[PDB]
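Coming up is one lone chain in structure tokens, specifically the form solved without the ligand.
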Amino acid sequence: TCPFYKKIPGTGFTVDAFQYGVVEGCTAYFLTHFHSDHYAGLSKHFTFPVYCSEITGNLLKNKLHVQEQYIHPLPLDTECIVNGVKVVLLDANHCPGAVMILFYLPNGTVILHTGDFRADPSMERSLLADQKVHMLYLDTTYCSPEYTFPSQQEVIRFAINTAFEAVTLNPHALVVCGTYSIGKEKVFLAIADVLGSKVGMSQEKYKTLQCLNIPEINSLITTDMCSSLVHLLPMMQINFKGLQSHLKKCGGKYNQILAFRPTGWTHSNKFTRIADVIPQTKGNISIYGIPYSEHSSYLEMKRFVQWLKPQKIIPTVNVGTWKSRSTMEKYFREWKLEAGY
């Protein structure tokens, strides 16, 4: 049974609701992005209309095999009519293909569903500037003031400088970056660019990257591991055992590994500056955890919401405990009293 926060009142629409069977009354199923918790339930046997971005549609067709006739891609920043209701898709600043959805209801109510997003001041000059939002369905992943992390640009600066230093000192070092989903591609692309290398990976991952409309991608990535000194591996292999095992396979080409684990927030954020981050080291293997987030910090979220001034907020993350729900409602009321809406 579909929960309330995935239904859009006054429409036949649902958002990120594929794991509940046939939802009674649903005429169109929206998918905000290609992350497994959100697409859970879609497969090649699905026979209802799916609305999404072009990139998300490339992934549904090639990776999940959903048939073409049920894929409905929409351009961004463009007023579209779906089943008699005006909608707009906006870039969510999450992973490739991720959108927010603006619904203009036939009674005059305007609803924004953020999907998963990393709020940014640039969103204050999208099509959202133009009009009022009555209801906001909000990605509250990091809705508590302890959740702090740096900008994506600072994190990439640390990674590029760390990798370039290590490989310049030791031309025989290999760099490895962990992945388990789409998103965070800038980590491995920026490191490979400073090193003058293509990124090497499995056939399955190459396939996924080829769906993403990244400019000049054929110049940046490869399945030929031997030619590359930046390799991608599944996130589960980013540990001393997994990496030892990988270096064996490289046939005495390398004598050292430097690896990166992009995480979201971790408690070491509450003490340590990005500058001060140190690795875990065993022998000729070092592993850096780096806090590259594709979700809003507390401060970025609060800024966005205070600027938008919605009349009602419905959280979509951390909704399963009474303490979480109560905590989030308190911050929404502070924000409203502080800003005066």
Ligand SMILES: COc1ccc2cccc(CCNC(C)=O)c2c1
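Numbers for residues come from their place in the sequence shown, where the first is 1. Take the two forms, find the largest set of C-alpha atoms that superpose within 1.5 Å, and that set is the rigid core.
Visitor: Out of 213 to 221 and 133 to 141, which one drifts farther from the shown form in 9 other deposited structures of this protein in terms of CA positions, with the fit done on the rigid core?
Guide: With the rigid core superposed, the C-alphas that lie farther in 9 other deposited structures of this protein are those of 213 to 221.
Visitor: On average, are the C-alpha B-factors higher in 279 to 287 or in 51 to 59?
Guide: Mean C-alpha B-factor is greater for 279 to 287.
Visitor: Taking the recorded C-alpha temperature factors, which stretch has the higher mean, 22 to 30 or 306 to 314?
Guide: Higher mean C-alpha B-factor in the PDB entry: 22 to 30.
Visitor: For the C-alpha B-factor as written in the entry, point me to the maximum among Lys86, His267, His94, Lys198.
Guide: In this record, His267 carries the highest C-alpha B-factor of the candidates.
Visitor: Highest Cα B-factor in the PDB entry belongs to which of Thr179, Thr141, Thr162, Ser245?
Guide: So the option with the highest C-alpha B-factor is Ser245.
Visitor: Quick check for you: using the entry's CA B-factors within this chain, is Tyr39 in the lowest, middle or highest third?
Guide: It falls in the middle third of the chain.
Visitor: Test of reading the entry: by CA B factor among the chain's modelled residues, which third contains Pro75?
Guide: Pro75: CA B-factor falls in the middle third of its chain.
Visitor: Would you mind ranking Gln237 by its C-alpha B-factor against the rest of the chain and naming the third, lowest, middle or highest?
Guide: According to the entry, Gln237 has a C-alpha B-factor in the chain's highest third.
Visitor: Would the CA B-factor of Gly251 place it in the lowest, middle or highest third of its chain?
Guide: Highest third, going by the recorded CA B-factors of the chain.
Visitor: Is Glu124 in the lowest, middle or highest third of its chain when residues are ranked by C-alpha B-factor?
Guide: CA B-factor rank for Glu124: middle third.
From this point on, the text means the form deposited with the ligand bound, which you will not see here.
Visitor: Of these, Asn62, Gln311, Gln67, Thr272, which has a heavy atom no more than 4.5 Å from the ligand in the bound PDB entry?
Guide: Exactly one listed residue reaches within 4.5 Å, namely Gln311.
Visitor: When the contact criterion is heavy atoms within 4.5 Å, does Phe18 count as touching the ligand in the bound PDB entry?
Guide: No, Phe18 is distant from the partner.
Visitor: Considering only heavy atoms, tell me if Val305 and the ligand come within 4.5 Å of each other in the bound PDB entry.
Guide: Contact check for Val305: yes, within 4.5 Å of the ligand in the bound PDB entry.
Visitor: In the bound PDB entry, does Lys132 come within 4.5 Å of the ligand, counting heavy atoms only?
Guide: Residue-level check for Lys132: yes, a contact with the ligand.
Visitor: What residues of 314 to 333, in sequence order, lie within 4.5 Å of the ligand in the bound PDB entry by heavy atom?
Guide: Read in sequence order, the lone residue that approaches the ligand (within 4.5 Å, in the bound PDB entry) is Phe332.
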